[PDB]
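Novice: Take this structure first; my questions come after.
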Amino acid sequence: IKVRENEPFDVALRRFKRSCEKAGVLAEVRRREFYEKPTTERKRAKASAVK
Amino acid sequence: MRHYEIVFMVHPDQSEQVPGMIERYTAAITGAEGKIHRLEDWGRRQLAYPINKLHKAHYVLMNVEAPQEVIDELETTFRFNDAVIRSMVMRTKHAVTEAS
Amino acid sequence: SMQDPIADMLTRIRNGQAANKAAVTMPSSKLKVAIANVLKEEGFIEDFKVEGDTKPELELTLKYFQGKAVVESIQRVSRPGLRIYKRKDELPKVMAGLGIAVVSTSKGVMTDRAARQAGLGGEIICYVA
Amino acid sequence: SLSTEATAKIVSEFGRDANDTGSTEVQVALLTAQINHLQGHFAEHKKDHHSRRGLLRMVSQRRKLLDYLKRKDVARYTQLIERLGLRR
Amino acid sequence: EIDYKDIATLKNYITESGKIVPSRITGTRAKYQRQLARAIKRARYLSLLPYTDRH
Amino acid sequence: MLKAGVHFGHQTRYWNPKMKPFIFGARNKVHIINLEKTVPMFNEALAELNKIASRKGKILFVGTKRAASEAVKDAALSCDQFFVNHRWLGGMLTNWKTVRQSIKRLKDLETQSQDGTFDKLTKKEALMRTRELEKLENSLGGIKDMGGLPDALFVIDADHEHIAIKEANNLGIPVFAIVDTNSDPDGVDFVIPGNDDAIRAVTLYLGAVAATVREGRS
RNA sequence: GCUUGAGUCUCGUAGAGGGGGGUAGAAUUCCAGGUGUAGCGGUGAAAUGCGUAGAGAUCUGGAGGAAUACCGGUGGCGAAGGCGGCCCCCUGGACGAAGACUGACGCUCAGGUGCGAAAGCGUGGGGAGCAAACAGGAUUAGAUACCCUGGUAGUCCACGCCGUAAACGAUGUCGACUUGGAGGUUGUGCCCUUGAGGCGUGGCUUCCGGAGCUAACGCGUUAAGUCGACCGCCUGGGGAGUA
Ligand SMILES: [Mg+2]
Ligand SMILES: [Mg+2]
Ligand SMILES: [Mg+2]
Ligand SMILES: [Mg+2]
Ligand SMILES: [Mg+2]
Ligand SMILES: [Mg+2]
Ligand SMILES: [Mg+2]
Ligand SMILES: [Mg+2]
Ligand SMILES: [Mg+2]
Ligand SMILES: [Mg+2]
Ligand SMILES: [Mg+2]
Ligand SMILES: [Mg+2]
Ligand SMILES: [Mg+2]
Ligand SMILES: [Mg+2]
Ligand SMILES: [Mg+2]
């Protein structure tokens, strides 16, 4: 989120934003509501993460 | 008789009311033959976020054993009294001491 | 439920047998025993035992002959839903003659062979072979 | 869900001694006791359907028990319904 | 954990932003992850902890 | 009574339930077999083994795993017995009459390695036909001469020999096998409990079989 | 009569179980203001729309409704429907450790009664966002659509209706019996607690797999296996869940 970076450099270094928000809870909340269908999405998202 | 934490937090400006407030609540609860097992006047603490405008506000902890009734007529007074910017009364599960 | 306990016995055999299980036990009853008796006397079970007193404990030793079990099939016939009562001329003979039919009579739990000789009939508890 | 104090009370008011907890009457009695208490819970609220299910449960139980008693000791039955104050 | 007042222990179960950290990271037990969050929630309300890093 | 210096038992979870009656294990999350039950099974193992070996022993020491294979190309191999120490070409018992010609090729080749045609053709064809030989060589050694039908079969690890046992089971070939805790028995007429893949339990019972077929009727 | 089935009693545990009252921060929309100035918005591309009565952007204060990020998980509760911020109040169920009391008091249940998503209906209320209808802009041969700009009912609360969903595990309930393996969750007994544990012992659950069962797929101790008690239901497709 915040980086108050300091002395001798110019590079972005903001690899933090791909550690929480951005397209995390953002591509998410963007569009179709969902409702009971996430349940189905996150149910297939465990059947996968078994092996 | 049940237990509660309770931890109302008062407004800076009305700081020197905090002693009278505590005197008062203790009186009320003791009068119902309910005891009082901890008390901690944490004073002016700094706020995480700035609740209600104004950062930093005066905290007070309690820990009481009193009949679901006087604990009832507490949040009311806690509402009425716009000097108390938040309150909270909690679980129970037997008394407590020190921590914090 | 526990409502028919004899079918429960019949099945504890049937099952354990197909599980190649040496023994098998169950709450006892007067009735239960008199049957195991017949099972033994006709050589289907190895030997029974009632190790109890207040909470009786009928216990049976299953036999296995070749590789098989000795009980190729054990079905209930009568049952609390529908009770079967054959006269005597009507007594059913299992596997032609081989295997038996456990029948209760005005004189005790016998086999169809026995009951036929006795000259009587009654409730035909179950079939065994 | 009824006070250990109060539940005990009734055990000592309908059984041989306290400990005679399972005595018919005693069940029928501390059910009654709750059933009645509860009638005020559901006086407010009323939309507390779920809890209501336990209450119905309570009734149908005590009913079965009451029935069984009458079947056994018809005396202890009448005495009980009079003294518990029901069956009209 | 065993309590919210312990903001001490707590501050190491929340990201910079203040978001409650998944149990697959804390490596914490179940029952406790709940006691944890519950106490964190509890601590945000009494302004002993931020909801957001925006303050 | 024991002899097995160290084959005790072997194999941990993967136990096959049916291998209960030959297990008393529990050490450190792996079961030790019934040390004293493996034994009365050498009674019957080597007994009906030697029993058919006098009446004339034609065995087939079937065993594989690049870490135990060659240790079957020995008195197992040498004496009154034949062996397979590589990938068991499925249907080699069951298609013996197809594979029979896979023999004619082997011979008609080595019988012409240092014999017949050889140093002629190309200096290509050479080890560019002993790539043929070295191949058919392993997997199809113990076949070579068969002479007297496969008659019992000694097999190393019952389930790892899925096929060959099954084949036999089909053909009436009594299958003597040692079956770990994990392996499925009953495919085995003469079942030999205990470890199956430690360099010992092999050579031990393995060499000890050679040492009873090898001699039975002088 | 009996104590094992079934209840009752004692202490405790976990829980988005139900009902009621408070309350919190993040956001959106709106109102006011500061600064700032020519665009913003939107699509596949556009246009309708919005902005010099100063929009968007940015900061500040305020009002309002609705839902509760992270925790969060083949995680948890409930009879099904279904139930996720925090707190108090009322309350249902489940499970476990002991022992004590009742003494077959039980299982199932046509008729009956209760509950029962979302939509929809009745009266008042409430209304930020979403959005049937409807308007406008597009696309298109056509476009009563999919896309865009708007937007009414409704979605929110109270009281009362309606009683249906692929209301699904498309698997009625209860009880007994029958090889295994790896988890998750939740009690509890024992061990130098001396390891963050170690060995057991219940409840609940996920994946996998044996016999067996099956048309096959697959099910598989949470059976679709082996049995019993009771109940609902099927008898070619269409016609019709219609008259
Ligand atoms: Mg009887
Ligand atoms: Mg706001
Ligand atoms: Mg603002
Ligand atoms: Mg409760
Ligand atoms: Mg209704
Ligand atoms: Mg509705
Ligand atoms: Mg309405
Ligand atoms: Mg639209
Ligand atoms: Mg229907
Ligand atoms: Mg389903
Ligand atoms: Mg159903
Ligand atoms: Mg299992
Ligand atoms: Mg499976
Ligand atoms: Mg079944
Ligand atoms: Mg109709």
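Letters for chains follow the order of the structure tokens (A, B, ...), residue numbers begin at 1 for each chain, and ligand numbers begin at 1 in the order shown.
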Compute the chain B side of the contact with chain G at 10 Å, counting only C-alpha atoms (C1' of nucleotides), and hand it back as a ChimeraX atom specification.
Specialist: /B:49,51,68-69,71-72,75-76,79,86-91
Novice: Using only C-alpha atoms (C1' of nucleotides) and all ligand atoms, determine which residues fall within 7 Å of ligand 13, then list them as a ChimeraX atom specification.
Specialist: /G:208-209,220
Novice: Just the selected residues (N, CA and C atoms (P, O5', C5', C4', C3', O3' and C1' of nucleotides)), exported as a PDB file, in the first residue's frame, please.
Specialist:
ATOM      1  P     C G 208     -12.772 -39.098  -4.846  1.00  0.00           P
ATOM      2  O5'   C G 208     -11.865 -40.362  -4.497  1.00  0.00           O
ATOM      3  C5'   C G 208     -10.459 -40.338  -4.688  1.00  0.00           C
ATOM      4  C4'   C G 208      -9.766 -41.476  -3.984  1.00  0.00           C
ATOM      5  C3'   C G 208     -10.296 -42.870  -4.258  1.00  0.00           C
ATOM      6  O3'   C G 208      -9.921 -43.372  -5.525  1.00  0.00           O
ATOM      7  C1'   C G 208      -9.743 -42.631  -1.958  1.00  0.00           C
ATOM      8  P     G G 209     -10.849 -44.470  -6.236  1.00  0.00           P
ATOM      9  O5'   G G 209     -10.719 -45.775  -5.319  1.00  0.00           O
ATOM     10  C5'   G G 209      -9.637 -46.692  -5.459  1.00  0.00           C
ATOM     11  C4'   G G 209      -9.524 -47.603  -4.258  1.00  0.00           C
ATOM     12  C3'   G G 209     -10.515 -48.760  -4.203  1.00  0.00           C
ATOM     13  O3'   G G 209     -10.048 -49.902  -4.897  1.00  0.00           O
ATOM     14  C1'   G G 209     -10.485 -47.625  -2.115  1.00  0.00           C
ATOM     15  P     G G 220     -20.126 -43.610  -1.253  1.00  0.00           P
ATOM     16  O5'   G G 220     -19.655 -45.018  -0.673  1.00  0.00           O
ATOM     17  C5'   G G 220     -20.555 -45.855   0.048  1.00  0.00           C
ATOM     18  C4'   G G 220     -20.025 -47.268   0.217  1.00  0.00           C
ATOM     19  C3'   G G 220     -18.714 -47.415   0.970  1.00  0.00           C
ATOM     20  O3'   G G 220     -18.872 -47.370   2.369  1.00  0.00           O
ATOM     21  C1'   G G 220     -18.595 -48.684  -0.994  1.00  0.00           C
TER      22        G G 220
END
Novice: If you run DSSP on the backbone here, which positions in chain C get strand (DSSP E)? Please write them as a PyMOL selection string.
Specialist: chain C and resi 23-27+45-50+57-62+74-76+85-86+100-105+110-111+122-128
Novice: Give as a PyMOL selection string the residues surrounding ligand 10 up to a distance of 12 Å, considering only C-alpha atoms (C1' of nucleotides) and all ligand atoms.
Specialist: (chain A and resi 39-40) or (chain G and resi 166-171)
Novice: Mind listing the residues within 12 Å of ligand 8, only C-alpha atoms (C1' of nucleotides) and all ligand atoms counted, as a count of residues only?
Specialist: 15
Novice: Name each residue within 10 Å of ligand 6, counting only C-alpha atoms (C1' of nucleotides) and all ligand atoms, as a list in words.
Specialist: residues 117, 118, 119, 120, 154 and 155 of chain G
Novice: Kindly work out which residues sit at most 8 Å from ligand 5, using only C-alpha atoms (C1' of nucleotides) and all ligand atoms, and give the list as a list in words.
Specialist: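 Using only C-alpha atoms (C1' of nucleotides) and all ligand atoms, everything at most 8 Å from ligand 5 comes to residues 115, 116 and 163 of chain G.
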Novice: Generate the output file for the selected residues, N, CA and C atoms (P, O5', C5', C4', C3', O3' and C1' of nucleotides), as a PDB file, in the first residue's frame.
Specialist:
ATOM      1  P     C G 115     -46.543 -22.043  10.519  1.00  0.00           P
ATOM      2  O5'   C G 115     -45.037 -22.269  10.053  1.00  0.00           O
ATOM      3  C5'   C G 115     -43.973 -22.362  10.990  1.00  0.00           C
ATOM      4  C4'   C G 115     -42.796 -23.080  10.383  1.00  0.00           C
ATOM      5  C3'   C G 115     -42.318 -22.536   9.055  1.00  0.00           C
ATOM      6  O3'   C G 115     -41.474 -21.423   9.213  1.00  0.00           O
ATOM      7  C1'   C G 115     -42.461 -24.893   8.942  1.00  0.00           C
ATOM      8  P     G G 116     -41.451 -20.312   8.071  1.00  0.00           P
ATOM      9  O5'   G G 116     -41.018 -21.107   6.758  1.00  0.00           O
ATOM     10  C5'   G G 116     -39.755 -21.736   6.655  1.00  0.00           C
ATOM     11  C4'   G G 116     -39.656 -22.507   5.368  1.00  0.00           C
ATOM     12  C3'   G G 116     -40.046 -21.724   4.127  1.00  0.00           C
ATOM     13  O3'   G G 116     -38.963 -20.984   3.630  1.00  0.00           O
ATOM     14  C1'   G G 116     -41.146 -23.821   4.117  1.00  0.00           C
ATOM     15  P     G G 163     -51.314 -21.396  -2.052  1.00  0.00           P
ATOM     16  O5'   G G 163     -49.837 -21.895  -1.687  1.00  0.00           O
ATOM     17  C5'   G G 163     -48.791 -21.904  -2.668  1.00  0.00           C
ATOM     18  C4'   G G 163     -47.596 -22.732  -2.240  1.00  0.00           C
ATOM     19  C3'   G G 163     -47.926 -24.111  -1.695  1.00  0.00           C
ATOM     20  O3'   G G 163     -46.764 -24.927  -1.827  1.00  0.00           O
ATOM     21  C1'   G G 163     -47.030 -22.807   0.035  1.00  0.00           C
TER      22        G G 163
END
Novice: May I have the residues within 12 Å of ligand 14, computed using only C-alpha atoms (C1' of nucleotides) and all ligand atoms, as a PyMOL selection string?
Specialist: chain G and resi 171-177+213+219-228
Novice: Quick one: residues within 10 Å of residue 170 of chain F, only C-alpha atoms (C1' of nucleotides), excluding same-chain residues fewer than 5 positions away - as a list in words?
Specialist: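 Non-adjacent residues within range: residues 93, 94, 164 and 165 of chain F.
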Novice: Quick one: residues within 9 Å of ligand 2, with only C-alpha atoms (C1' of nucleotides) and all ligand atoms, as a PDB file with N, CA, C and O atoms (P, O5', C5', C4', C3', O3' and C1' of nucleotides), in the first residue's frame?
Specialist:
ATOM      1  P     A G  26     -12.980   4.065   8.167  1.00  0.00           P
ATOM      2  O5'   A G  26     -13.431   3.121   6.961  1.00  0.00           O
ATOM      3  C5'   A G  26     -12.472   2.356   6.255  1.00  0.00           C
ATOM      4  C4'   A G  26     -13.057   1.638   5.062  1.00  0.00           C
ATOM      5  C3'   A G  26     -13.765   2.473   4.010  1.00  0.00           C
ATOM      6  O3'   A G  26     -12.899   3.201   3.169  1.00  0.00           O
ATOM      7  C1'   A G  26     -15.008   0.519   4.425  1.00  0.00           C
ATOM      8  P     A G  27     -13.453   4.536   2.474  1.00  0.00           P
ATOM      9  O5'   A G  27     -14.583   4.009   1.488  1.00  0.00           O
ATOM     10  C5'   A G  27     -14.225   3.368   0.277  1.00  0.00           C
ATOM     11  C4'   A G  27     -15.397   2.662  -0.360  1.00  0.00           C
ATOM     12  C3'   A G  27     -16.418   3.539  -1.055  1.00  0.00           C
ATOM     13  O3'   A G  27     -15.980   3.955  -2.335  1.00  0.00           O
ATOM     14  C1'   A G  27     -17.540   1.970   0.283  1.00  0.00           C
ATOM     15  P     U G  28     -16.260   5.448  -2.851  1.00  0.00           P
ATOM     16  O5'   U G  28     -17.700   5.342  -3.520  1.00  0.00           O
ATOM     17  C5'   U G  28     -17.963   4.364  -4.517  1.00  0.00           C
ATOM     18  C4'   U G  28     -19.434   4.042  -4.611  1.00  0.00           C
ATOM     19  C3'   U G  28     -20.350   5.221  -4.878  1.00  0.00           C
ATOM     20  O3'   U G  28     -20.400   5.542  -6.255  1.00  0.00           O
ATOM     21  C1'   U G  28     -21.235   3.913  -3.121  1.00  0.00           C
TER      22        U G  28
END
